Amino acid sequence: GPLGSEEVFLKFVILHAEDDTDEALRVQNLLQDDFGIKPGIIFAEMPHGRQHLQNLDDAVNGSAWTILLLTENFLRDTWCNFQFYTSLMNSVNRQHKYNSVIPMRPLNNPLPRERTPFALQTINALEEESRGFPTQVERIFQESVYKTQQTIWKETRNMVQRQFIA
């Protein structure tokens, strides 16, 4: 990756598509309030300069979890990438590392399991149309967890700056 670009202790990113970018946002919005999951920003809000935004890795970088807006397109989009890059496919293993992978389920966007990967389907996915929507939102994004993810990150800055730089 980079050398030492803008670094922030962001809470977590929300990977969404331009199709359901308002949906993923609609959540991140209630996220930083209902429970107080801040800071909260969407991939459509993520600023940049010389660097590109088409970095699915960025979302899987310096964070706690990543929202994977499973969509007919959003699927073939990244899903396609995966095939080209198993890098992301690794985050599908639900790495306990600082960053996590939490594939959220859209409500306005109908996406059955038949469209969901057996990997993201066998992982704790986020849901807003469920009764435990607030629960998972609490567990997944819980302070007790915000620490570990904060200690794993602050630590990831070592091994990297050591002999594992991006």
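A brief look at the structure comes next. Counting starts from 1 on each chain and goes along its sequence as written, which need not follow the entry numbering; residues with no coordinates are hidden. With hydrogens and water excluded, all non-hydrogen atoms of the structure serve as input to the side-chain values.

**Comments concerning unusual backbone geometry**
Heads up, the rule is: Under the DSSP-based scheme used, a helix requires at least four consecutive residues in state H or I and a strand at least two consecutive residues in state E, with every element numbered from the N terminus.
Note that the residue after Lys-38, namely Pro-39, is joined by a cis bond; omega there is 0 degrees. In this fold, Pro-39 is placed in the loop between α1 (21-35) and β2 (40-42). The backbone of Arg-94 sits at a positive phi, close to 60 degrees, despite the residue not being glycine.

**Regarding the layout of surface pockets**
Defined as follows: Computed over the protein atoms alone on a 1 Å grid, cavities are sets of points where a 1.4 Å probe fits but cannot get out and pockets are open sets with protein on both sides within 12 Å along at least five of seven lines; a residue lines them when it has an atom within 4 Å of a point. Grid points are joined across faces, edges and corners, and a volume is the space filled by probe spheres set on the points. Only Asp, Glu, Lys and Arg are considered charged in this grouping, and only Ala, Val, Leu, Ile, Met, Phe, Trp, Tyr, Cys and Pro are considered nonpolar; every other residue, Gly among them, is considered polar.
For the largest pocket, the calculated volume is near 1800 Å³. In this structure, the largest pocket is lined by 48 residues; those nearest its centre are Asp-57, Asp-58, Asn-61, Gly-62 and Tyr-98. Where the lining of the largest pocket is concerned, the elements lending two or more residues are β1 (12-15), α2 (56-59), α4 (86-91) and α6 (143-163). Counting residues per element, the lining of the largest pocket draws most heavily on α6, which supplies seven residues. Taken together, the residues of the lining of the largest pocket sort by class into 24 nonpolar, 18 polar and six charged. Estimated volume of the second largest pocket: approximately 490 Å³. At the level of secondary structure, the elements contributing two or more residues to the lining of the second largest pocket comprise α2 and α3 (72-84). Ranked by the residues each element gives to the lining of the second largest pocket, the list is headed by α3, at seven residues. Taken together, the residues of the lining of the second largest pocket break down into 12 nonpolar, seven polar and three charged.

**Topic: the nonpolar core**
Applied cut-off: Here the nonpolar core consists of buried residues drawn from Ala, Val, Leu, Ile, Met, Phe, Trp, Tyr and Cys, with membership extended through side-chain atoms lying within 4.5 Å. Accessibility here uses a 1.4 Å probe with only protein chains present; expressed as a share of the type maximum, an area under 20% marks a residue as buried, one over 50% as exposed, and anything in between as partly exposed. Whether two residues are in contact is decided by their heavy atoms: any pair within 4.5 Å suffices.
Judged by nonpolar contacts, the single largest core of 38 residues is most densely connected at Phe-12 and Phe-141. For this core, the elements supplying multiple residues, two or more each, are β1, α1, α2, β3 (66-68), α3 and α5 (133-140). When residues of this core are assigned to their parent elements, the largest contribution, four residues, is made by β1. Aside from chain neighbours lying at most four places away, what touches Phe-12 is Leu-31, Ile-37, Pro-39, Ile-41, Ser-63, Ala-64, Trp-65, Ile-67 and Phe-141.

**A closer look at the packing of aromatic side chains**
Stated precisely, the cut-off is as follows: Here a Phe, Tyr or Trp ring, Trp counted by its six-membered ring, pairs with any other such ring whose centre lies within 6.5 Å, and the pair is stacked when the planes are under 30 degrees apart, edge-to-face when over 60, and tilted otherwise. We call a charge positioned above a ring when the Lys NZ or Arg CZ atom is no farther than 6 Å from the ring centre and deviates by at most 35 degrees from the ring normal.
For the structure on display, the rule yields five aromatic pairs. Ring geometry for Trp-79 against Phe-82: centres 5.2 Å apart, planes inclined by 70 degrees, an arrangement best described as edge-to-face. One end of the pair, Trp-79, and the other, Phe-82, are both in helix α3, three residues apart, so they sit about a helical turn from each other. An aromatic cluster is defined as three or more aromatic residues linked by ring pairs; in this entry it consists of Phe-12, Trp-65 and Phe-141. Taking NZ or CZ as reference, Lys-11 lies 5.2 Å from the ring centre of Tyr-146, over its face.

**Digging into empty space enclosed by the protein**
Evaluation of the coordinates by the stated rule reveals one cavity of 30 Å³ or more. Looking at the largest cavity, its volume works out to about 70 Å³. Around the largest cavity sit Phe-9, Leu-10, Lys-11, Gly-62, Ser-63, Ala-64, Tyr-98, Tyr-146, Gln-149, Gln-150 and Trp-153, which together line it. Its residues placed into classes, the lining of the largest cavity shows six nonpolar, four polar and one charged.

**Here we look at the pattern of salt bridges**
Filter applied, for reference: For salt bridges, the criterion is a side-chain nitrogen of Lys or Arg within 4 Å of an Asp or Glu carboxyl oxygen.
All chains considered together, the criterion is met by three salt bridges. Salt-bridge contacts for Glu-138 lead to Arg-139; the nearest nitrogen and oxygen are separated by 3.5 Å. By relative accessible area, which is 40% here, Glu-138 ends up partly exposed. A salt bridge links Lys-147 to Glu-143; its shortest N-O distance comes to 3.1 Å. Here the residue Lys-147 and the residue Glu-143 both occupy positions in helix α6, the gap between them amounting to four residues, near one helical turn. The exposure class assigned to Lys-147 is partly exposed, which follows from its relative accessible area of 42%.

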